Every structure is written in structure tokens, then in C-alpha cells.
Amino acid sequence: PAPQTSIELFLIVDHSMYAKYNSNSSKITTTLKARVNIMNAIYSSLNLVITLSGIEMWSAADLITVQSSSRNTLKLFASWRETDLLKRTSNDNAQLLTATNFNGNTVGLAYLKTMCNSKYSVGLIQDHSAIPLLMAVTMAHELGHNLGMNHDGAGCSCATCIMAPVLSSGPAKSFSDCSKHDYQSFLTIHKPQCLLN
């Protein structure tokens, strides 16, 4: 919550989310930009700047098989980011934005404490809500996982903070004191270098 850091985030729109907005790049771009602007506000307290390295859209076909099983898709996506994306665009983290309905209760997924990692700095997000604050909180939540944050346990003194385990319809734009600690722990214990520049 103190070293001035920066995440160059890259967004990937899959073919199902492309078709859901009637194959229109402008609607998708503006939709995604509003949500990202909200993410920035959420993160300025941690002194962390989010920058969009770009937005890629799989307009013709999906570059990976997007499965309803979140687990598989996250792994398929991270691998594709390693071997393909990173050769074309430089980014500290990429987040797939899909219209596929993941199996079960899940609306997003990320790897814990992997920010900057060439193989694992990724997240998955289901376009499950039309309310931009809800989507921005979903995006901020998975990014929070890559940055080392766990979910807020009842013994965290917050049920509507960003890292709450399930989405609240009237969320706070705040990180609990547990989330701040996980983050300090990630900074000191993991020493993510890419974020400090």
C-alpha cells in the first residue's frame, strides 16, 4: 500500500463476447474502458497505477478452446499468453474477458501471487453483469489474487470489500485490512520486479 507501482494490463476479448456485442469493436472498447477507469480508482489507495497495454479481440476465431470449466480455461489462457501474446505485446498481466458461462458459481478466476510471471500472470473474467462497478470489482478481484490476496474471512472485518468471497450487489470499492497485509506480504516476500517500473 505504499511503493508507487504500475501494472500494464492487457485485455483479451474472446469470440463469444465479440458476438454478444453484435461484433462491434467500439461498443466493446468503450465498455471495457469504463470498467478499467473504475479499477484505477479502486487501486490508487495501494499506490498502484493500472495502464492498458491494449485490447485484443478474437474477431474471427478463438485462439484457445474457451471451456465452461474455469480451471481448464485459465490454464489454456496462461499458456497461450506465454507462447503467443508475450512475443507480440509486452504486459505484466493479461485478463481474458468472455461471455461463456463458467460451470457452477464462478464468474472469474486467477492464479495466486503470480503477478509478473511469464507463465502465470493471468486472470479470467465472465462478462456476467451489465453494471460496470460490478464488472470493475470482478476485474479488480482476480487482479487482487495475482497480487497475493486471499478472500476476506469473516474474521477480516469486511463483507463488502473487494476480496469478499462472493459478489455483493452494492460493493465497497475498498480493500480490507487483510487484503492490505497480503499485499505487503507479496511485495516483501515475492519481490515482483516488473511492477516497480
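When you see a residue number, it is the position in the sequence shown, counting from 1.
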item	value
Stretch with the greater mean C-alpha B-factor as recorded in the entry, comparing 95-103 against 73-81	95-103
Comparing 38-46 with 62-70, the one whose average Cα B-factor in the PDB entry is higher	38-46
Candidate set 137, 28, 55, 159 [ranked by C-alpha B-factor, highest]	159
Out of 131, 143, 154, 163, residue topping the C-alpha B-factor column of the entry	154
Modelled-residue ranking by C-alpha temperature factor, third containing residue 149	middle
